[PDB]
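All of this is worked out from the model, or read from it or from the source named; nothing here is a laboratory result. Using ideal geometry, Cβ is built from the backbone for each residue, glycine included, and neighbour counts are taken over all protein chains shown.
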Amino acid sequence: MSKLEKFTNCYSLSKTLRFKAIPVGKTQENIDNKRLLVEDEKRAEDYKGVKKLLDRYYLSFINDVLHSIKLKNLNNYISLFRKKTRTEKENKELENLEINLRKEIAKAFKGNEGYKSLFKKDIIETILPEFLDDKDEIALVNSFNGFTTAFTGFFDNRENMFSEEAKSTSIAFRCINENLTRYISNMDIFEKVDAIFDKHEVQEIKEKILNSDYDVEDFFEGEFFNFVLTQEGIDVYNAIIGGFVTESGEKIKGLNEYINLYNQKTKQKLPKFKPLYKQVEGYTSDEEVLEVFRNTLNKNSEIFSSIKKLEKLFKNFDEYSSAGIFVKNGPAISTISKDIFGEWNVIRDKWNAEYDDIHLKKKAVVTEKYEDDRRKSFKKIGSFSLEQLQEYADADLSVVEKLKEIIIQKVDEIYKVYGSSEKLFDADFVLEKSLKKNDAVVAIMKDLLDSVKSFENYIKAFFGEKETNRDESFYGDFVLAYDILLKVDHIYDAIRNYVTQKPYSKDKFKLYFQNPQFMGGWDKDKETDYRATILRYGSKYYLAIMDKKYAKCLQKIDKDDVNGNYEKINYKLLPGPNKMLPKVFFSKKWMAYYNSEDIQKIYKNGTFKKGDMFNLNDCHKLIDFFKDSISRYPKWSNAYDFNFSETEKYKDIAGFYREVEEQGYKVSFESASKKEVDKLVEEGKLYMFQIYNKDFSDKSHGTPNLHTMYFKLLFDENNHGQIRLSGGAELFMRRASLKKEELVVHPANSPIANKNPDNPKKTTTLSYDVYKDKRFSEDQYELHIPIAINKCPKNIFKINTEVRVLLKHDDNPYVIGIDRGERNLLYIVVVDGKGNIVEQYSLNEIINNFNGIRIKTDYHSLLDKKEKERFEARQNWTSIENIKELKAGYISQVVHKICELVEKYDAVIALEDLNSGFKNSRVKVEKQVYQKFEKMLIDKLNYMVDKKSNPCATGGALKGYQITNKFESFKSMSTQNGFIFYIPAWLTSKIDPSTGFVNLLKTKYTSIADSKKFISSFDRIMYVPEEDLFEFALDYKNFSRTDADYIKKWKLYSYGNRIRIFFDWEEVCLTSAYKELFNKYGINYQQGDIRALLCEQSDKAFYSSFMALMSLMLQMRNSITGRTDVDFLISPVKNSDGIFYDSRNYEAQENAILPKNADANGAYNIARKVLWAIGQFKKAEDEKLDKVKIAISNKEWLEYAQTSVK
Amino acid sequence: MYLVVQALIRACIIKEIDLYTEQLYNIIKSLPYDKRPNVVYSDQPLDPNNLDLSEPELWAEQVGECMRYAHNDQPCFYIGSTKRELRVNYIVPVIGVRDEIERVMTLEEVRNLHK
Amino acid sequence: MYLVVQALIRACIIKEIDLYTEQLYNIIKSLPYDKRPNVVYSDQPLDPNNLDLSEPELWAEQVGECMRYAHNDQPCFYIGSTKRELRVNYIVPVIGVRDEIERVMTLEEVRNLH
RNA sequence: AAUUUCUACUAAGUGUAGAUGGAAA
Ligand SMILES: [Mg+2]
Ligand SMILES: [Mg+2]
C-alpha cells in the first residue's frame, strides 16, 4: 500500500455540474406559443426594482425604529473616552462598555418592532403592499407572490446589516465607531473654541432656520447623540456645521465656513469640524462612460478641486506642526526612504541601528532570533512622525521640505497630463470609433487616471492609522480633501471594467415555468409538485418538464416493448436523517401504531443523546425503536433496501444516522413508451430538453471532460453512494449577445494557419465553417445540476496528522518541489528520501498527449509574445487582462502535471510560502497569480481524480484521493496542508548545492576604513600558482550578521568566469581581472598571504574596484537576460572531492544528480527543506507529531544543507 | 459639373481599396503567425498609396487572424491577438515599429515575407 | 462635356471586374479538378451582371489550373488541361454546360459547388 | 478557431488536451 491509498472517502464535497439544454422536437415552438420566456424575462428584469423597494422599506423601518432607541451607557461612555485612558489594564472595560452599547442598539433591531415579518416570505407578500401609495410600485411586488425563494441571498446579505459583527456593513458599527468617534471629537473641538462665535452673528440665525427648539447648544450638550442616529438627525447636525439651504438661493454660512473666515487673525490654523457618516461609472453605453469621465474629472468637478486643495495644503508644509504629521509605517516607508533620503533602505537601517543601541547588548555579532525579533518590533510600529524622520537624516537636508518638493512634482505631473488631455474635456467632443476599439481616447483616460491614482496612492501614506496629539489644523483639511479624492478608485475600476469587458455577454435569467418550486428536487412522490425528471435513451440524457396544468402527464405510460423505451430516473434520496427520523417518527403519530412507557419516558428525558459518559442499552433502545418502526412503516420499507449491520457494531448515535443516510440512495430505472412521450411533446404537454455538451455528441471520440464523467456516473450501477445527485437543479436562459451582422467565420475549404509553432502540420482545410463564438450568437438554455461527492464519508480522521504519521513510518518518501524562476515559469524537481534528484524539468512546455501522439504547447514563448504585444498596444488595459487570463489558464494545465507526479511517486508537495518572501520582480509568475495557483492546487487535491482510469479503482472518478483540507483563506497557507507543505523560501536559490555555501558578506563599497577592515577580516589572500587561482581563506566568525552559517571556515577561490550586469552585460574572468587589478597598482601577488600588502594603497579608486571583483566572486547567479540558453550558477568553493560546482556541466546530461539550471536549484532547495521537516517527524513520538514545527529557520537550514553532502 | 466627378472618383478610390484589401487578405492568410507584417489599421478605408504617414492617429502593430465576415464576405482582420477583440476592416502593411512608422510596405515585400 | 467621365467608368468597372476575378481565383483554387464550373473565358474583362451571353463568341468549358502570375500578381487561368496550352486572364462561371448559356452562376453557387 | 464555461488549440474533421462550484451580494 502506497501512502495515498489510505486517503479516500474522508469528507463531503459538493460541486455544480453545468450543461447546455437543447430543446428537442416541438418544445421550442410550444415555449414560444405559450409565452414562458417573456414572463420570466420580465421578472428577472424588474427584480432589481423590488430590490430597490425593499431597500427603501428597510431604510424607512430603520429610521422609524431609531426614533425610539436609548443608549443608556452613553452618559458614561462620554466620560470614559476623555479619561486619557493610559490603558494600564483599564481600557478593557472600555471595550466591554462599547460592545454592550452597540448591542443595546441592536436589541430592538433583533427582537422587537417586527423583524419577524421582515426577512421571511411575508414581506413581499403582505407587508410591502401596505407600505406603498403607488400602483406601479404595487404591481411589481404583487407579481412575486410565491417566488420569494428568488431572494434568499439578498435577505442573507441584509442580515449582515442588523447585526453588530464589527464590520463596515453594519448599522451599530456605523453609529458607534464612525459617529461617536467624530461626535466626541467635534464636541471637544467646539469646547476649545466655544466663545469664538459671538451670539448675534451665528446663534440668532441658526436658531430660527433649523429648529428653533433645543437650538444650538443642546446638540453639542449632553447625551443628545440619541438624536443624531436617524437621517434627519445627522442632517440637522450637518446643518449645524455645514449649513442650510433655506429652500431658496440664500445659503447661510456654516460653522466650518465661520472658522474659515475667522482667518481674519491670519494666524488662525484652527481645528475645523468634521461631519457625520451615514449609511445608504457607465458600463452601459460609450456616450455614458465618456459623460461620466467628463463629469467626474474635468476642471470643475470635485476631484480637481481636491487636487488643488492638496497642492495648496502641501505648499504650506512649513507652517504646520512637524511633530504631528504622521507617515504610515508599512510599504510606504520603503519608497519614502528612496524619495527623501536617496536609498531603498535608509529608514529601516537607521531604526535598526537605534534599536541595536537600545535593546541589543554589545555582542560581537547579532543572533538570528534577535534579528528576527528586531524585524518584528519594527513591523509592530504604527507610524512615524516627521520629527523622527528628521532625526534619521543628517544636517543640511530637511524632511518636510523634501516631501513638499516631491508632492509638488507629482502635482505638476498631474497638471501636465491634464494639459495633454484638453481635447477630451471639451463639451463638443465626438468619437470616430467605439470606445472599446478606440485607443487614442482610452490612452488618454488611462494616462489621466493613472496620474490621479498614483497621486492618491502616494498621499495616503500621510495617515498613520488613533494616535497621540496630532496636527488637527492639518488633518482637518487633509481628510476633507482626501475623502473626496478617493472616488477616483470607483472611476478607475468602473471604466476599466468597461474597456476590458468582452464583446459578448453571459447575462442570463432564471426560468421557472410558471411554478415556484420548479426543479427544486428530484423525488418520485413529489414529481407532480416539482415537475422535472431525467429520462435517458440509449446514451443521451433528456430533461423533462411537464407544464402548468398537466402535472399528471407522465404517469400512465407503460413499457409495452414497442422497440422504444425512455428510461426514467427515480427513487428519491433521504433528506437529513438525523433530523428526519426524529421528525418523521415523533410528529404526533403515536396514536394507533404501537401500544410502551419505558421508551416514552426516556423520550421525555431525551436521554438518548450525549451529555453523559455512554450507555450500551439506552442508545440502542431508541436505535431499535427507529429500526423496528421503519421496518414496519411502509413508505420507507418498500422503497429502500434497509440492510443494516449487526448489533455489536454500533458505538454511538451518529453511526446510526450516517448509516441511514448512506442507505437511502436508490436512483432507479423505470421504463416508458417512446411514442407516448413523443406525442406528449407534440401535444404541448411535455417540454423535453436534451442535456448536452460537446462530449455527448456522436462526432466526439477523445477523452470526455471531468464533469461529463461525473454526470454519466451519477446513473451508473457501480456508483453506490459516492457521487449522488444533491437536489436543487436550475435552468437558466441566455439571450444571444452577438448580432448576426457580426459573426466572423473561417470560410469552408480555405486553408488556415496554425497558431502553434511547435506543431508539425502547418495548415488546416476543414470542409465546413468555423464560426467565432458561435455559442454566443444564439439563445442558449443552460442547466445547473449540483452533485455532492462523498456524501456519507467513512474514513473520518484529521489529515495534517495522518500525513505526518505516514511520513514518519515511511522509509523513502519522495518530495516534489515547485518553484518559479526567471527563465522558467515553474521548475519542478522531485527528490527522494535521501536527497537524490530523481527527476527535474520545466513546466514551460506543456506536452498535451492524445491518441498516442504528443504535441508540446509551449507556454513561455507564448507569454513572451503576449508581453511583446502589451509593450506596443498604447492602452495596456485589455492587453494586460489577456496575460492575466493566460497565466491563469496555464496553472490549470500545470495542476494536471502535479497531480500526475503525486500519483506516480506518492510524494508530498513543497510549495513556496508567499506570506514571507520577496521574489525579485523579474520572475515570470508574479505573486498575485501564484496565490491563484496554490488555491487551484488545493481545490484539485480535495478530490484528485484521473480521467483515464477505471472509474472504480482507487484514483478513478468514484474513489478519488482527498489529500488536502478545503481551502479556507489565503492567509491560512502556512506550514502544512494535507500533502502540501508550505515551506519558506529564504537562502534557497543562491546556495550552491554541492557543499551548502552561501554568501553572507556585504561586499559593497563605502569608504577606505571599512574596506581595509574587510581585507583584514580574511585569513589568507594567496595566489596558488599551481591552480592559477586566488585562494581567499575566510572564517565567518570575524564578519557581521553571519551567525546563520554552520561551517564558518570556507576556502573561496576565483574559479570560472562571471557575468557582470554593468542594462549592459559583460563576461569577466576573475583570475585575469585580479591580475590586471594588481598590476595596475604594482602589488607583488606572489608572496603567499598579501593581506598586509593589500592594505597599503591609499586611493579611493582601488577599493572601489576591488570590492567589485570581490562581489563578482560571490555571485553564483549569472544571467544575461538575453538568452535562455546561457544562464548558469557556479560556486566559488571546492567540495569534498576538489571540483567546483558549475551548472553548465550538468545542462548536458540526461538525468544529472545536481541542479542543472539555476532554477532547478530553487526548487531542489525548496524540496530539501521539506526533507528536513520529514527528518524532524522521525524523531518525535506519534502523540507529539501534531506539534513538530515546520518553519525551518535559517540556522537549522544552513546546518542541514552543509552536513548532508559531507 | 466638375464637382460631380470629384464625387465619383471617390468611388473609384473605394473600389481600389477593396481590391487592395482582398489582395492582402489572401497574402496574410498564408504567412505563419510569427511572420505577419506590422500593419496600420483603421475602420475607415486606408489608401495604401499616399496614406500621409505623418498623421499621429495611426499606430503600427502585428496582424493576427484574418477572418471573413458572415453576411457579406468583407475581410475583417484582427490586430494583435484575437482575445483583444480589436477587429479592424482596413489595414495597410508598414515597415515601422509601434509609432515611428517609416514607410508603407509594398505588396511585393509582404509576398516575399514568406519566402 | 464628357471628356474623361467615360475614362472614369472604364476604370471603375475594370477595378470591379478585377475584384471579382480575385474573389473567384480562390473559390477555384480550392476545388477538386472534377468539380470546376463552366467558364466563358475571353482574355478581356467580362461582367457578371449581364455578360451579354447572346454573343456567339463566349465558349463554355471547365476551367483548368489557376496560376498566379509572377511578374505582376494577376490570377491567370488555364482551360481544359495543360495539354491545350490555353491561358486566360478573365473568366466567368456559367451553368451553360456545353455551348448554350442559360444563366451565369453566382459566387455563392460556385462556392457551394463543392 | 467551434466549447456548460475558461485557457491553449485544429489535435485527422461539426472537433482535441487539461481545468471548471453554481446561485447569489
Ligand atoms: Mg476532451
Ligand atoms: Mg480562444
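Couple of notes before you dig in:
- Test for A:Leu431: is it within 14 Å of another protein chain (Cβ to nearest Cβ) and surrounded by 16 or more Cβ atoms within 10 Å (Cβ to Cβ): no
- When B:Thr21 is tested against the conditions (1) within 16 Å of the chain's Cα centre (by Cα); (2) surrounded by fewer than 17 Cβ atoms within 10 Å (Cβ to Cβ); (3) more than 14 Å from chain A (Cβ to nearest Cβ); (4) not charged (D, E, K, R), the lone failure is (2).
- The one condition in (1) surrounded by 18 or more Cβ atoms within 10 Å (Cβ to Cβ); (2) within 12 Å of chain B (Cβ to nearest Cβ) that A:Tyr781 fails to fulfil: (2)
- Among the residues of segment A:501-526, those that are more than 14 Å from chain B (Cβ to nearest Cβ) and within 11 Å of RNA strand D (Cβ to nearest atom) comprise A:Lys506, A:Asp507, A:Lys508, A:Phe509, A:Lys510.
One line per residue, one yes/no per condition, for (1) of a type outside the set (D, E, K, R); (2) loosely packed, with under 14 Cβ neighbours inside 10 Å; (3) within 17 Å of A:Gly538 (Cα to Cα):
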| position | (1), (2), (3) |
| --- | --- |
| A:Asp641 | no, yes, no |
| A:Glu646 | no, yes, no |
| A:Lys651 | no, yes, no |
| A:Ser671 | yes, no, yes |
| A:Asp678 | no, no, yes |
| A:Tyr687 | yes, no, no |
| A:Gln690 | yes, no, yes |
| A:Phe696 | yes, no, yes |
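- On the stretch given as segment A:94-112, residues that are loosely packed, with under 12 Cβ neighbours inside 10 Å and either on the phi > 0 side of the Ramachandran plot or under 37 Å from the mean Cα position of the chain (by Cα) (or both) total 4.
- Helices (runs of 4 or more DSSP H) completely within segment A:1-88 that count 2 or more residues being among the hydrophobic types (A, V, I, L, M, F, W, C) and closer than 30 Å to A:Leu680 by Cα: A:38-65
- Filter pass, B:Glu102 being more than 10 Å from chain A (Cβ to nearest Cβ) and not in a helix (DSSP H, G or I): yes
- If the condition is being surrounded by fewer than 22 Cβ atoms within 10 Å (Cβ to Cβ) and more than 16 Å from A:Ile909 (Cα to Cα), then segment A:952-965 contributes A:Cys952, A:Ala953, A:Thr954, A:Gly955, A:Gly956, A:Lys959.
- Helices (runs of 4 or more DSSP H) enclosed by segment A:876-991 - at least 3 residues per element that are within 14 Å of chain B (Cβ to nearest Cβ): A:882-886
- Residue in segment A:250-260 that is outside any helix (DSSP H, G or I), among the β-branched types (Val, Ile, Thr) and more than 25 Å from A:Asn316 (Cα to Cα) present: yes
- Set A:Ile209, A:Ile196: member being farther than 26 Å from A:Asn469 by Cβ, more than 49 Å from the chain's Cα centre (by Cα) and surrounded by fewer than 18 Cβ atoms within 10 Å (Cβ to Cβ): A:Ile209
- Matching residues in segment B:5-18 - criterion: being more than 9 Å from chain C (Cβ to nearest Cβ) and over 15 Å from the mean Cα position of the chain (by Cα): B:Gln6, B:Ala7, B:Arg10
- Pairs with Cβ under 9 Å, 6+ apart, first in segment A:689-705 and more than 10 Å from A:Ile22 (Cα to Cα), second of a type in the set (A, V, I, L, M, F, W, C) and near RNA strand D (Cβ under 6 Å from one of its atoms): A:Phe696/A:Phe19; A:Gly702/A:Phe850; A:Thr703/A:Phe850
- Extreme residue, nearest to A:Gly978 (Cα to Cα), among residues of segment A:924-937 that are surrounded by fewer than 20 Cβ atoms within 10 Å (Cβ to Cβ) and of a type in the set (A, V, I, L, M): A:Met936
- Yes/no for A:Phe1177 being more than 21 Å from A:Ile909 (Cα to Cα) and aromatic (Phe, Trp, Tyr): no
- Listed by position, the strands (runs of 3 or more DSSP E) contained in segment A:666-778 that have at least 2 residues being charged (D, E, K, R) and more than 13 Å from chain B (Cβ to nearest Cβ) are A:730-734.
- Condition met for A:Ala393 (among the small types (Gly, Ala, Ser) and within 14 Å of chain B (Cβ to nearest Cβ)): no
- Residue within segment A:698-713 that is more than 16 Å from ligand 1 (Cβ to nearest atom), in the same structural domain as A:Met546 (by TED's automatic domain parsing), surrounded by 15 or more Cβ atoms within 10 Å (Cβ to Cβ) and under 20 Å from A:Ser949 (Cα atoms) present: yes
- Residue ranges of helices (runs of 4 or more DSSP H) in segment A:383-494 with at least 3 members more than 35 Å from the chain's Cα centre (by Cα): A:386-391, A:400-419, A:422-425, A:472-485
- Test: A:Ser994 is out of contact with any strand residue (DSSP E or B) (no Cβ under 6 Å at 6 or more places or on another chain) and in a loop (DSSP other than H, G, I, E, B): yes
- Residues located in segment A:680-697, provided they are within 12 Å of ligand 1 (Cβ to nearest atom) and in contact with a strand residue (DSSP E or B) (Cβ under 6 Å, 6 or more places away or on another chain): A:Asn693
- Listed by position, the helices (runs of 4 or more DSSP H) contained in segment A:132-180 that have at least 1 residues being exposed (fewer than 12 other Cβ atoms within 10 Å of the Cβ) are A:136-143, A:152-157.
- Any hit, segment B:45-53, residues being assigned to a loop (DSSP other than H, G, I, E, B), within 7 Å of another protein chain (Cβ to nearest Cβ) and out of contact with any helix residue (DSSP H, G or I) (no Cβ under 6 Å at 6 or more places or on another chain): no
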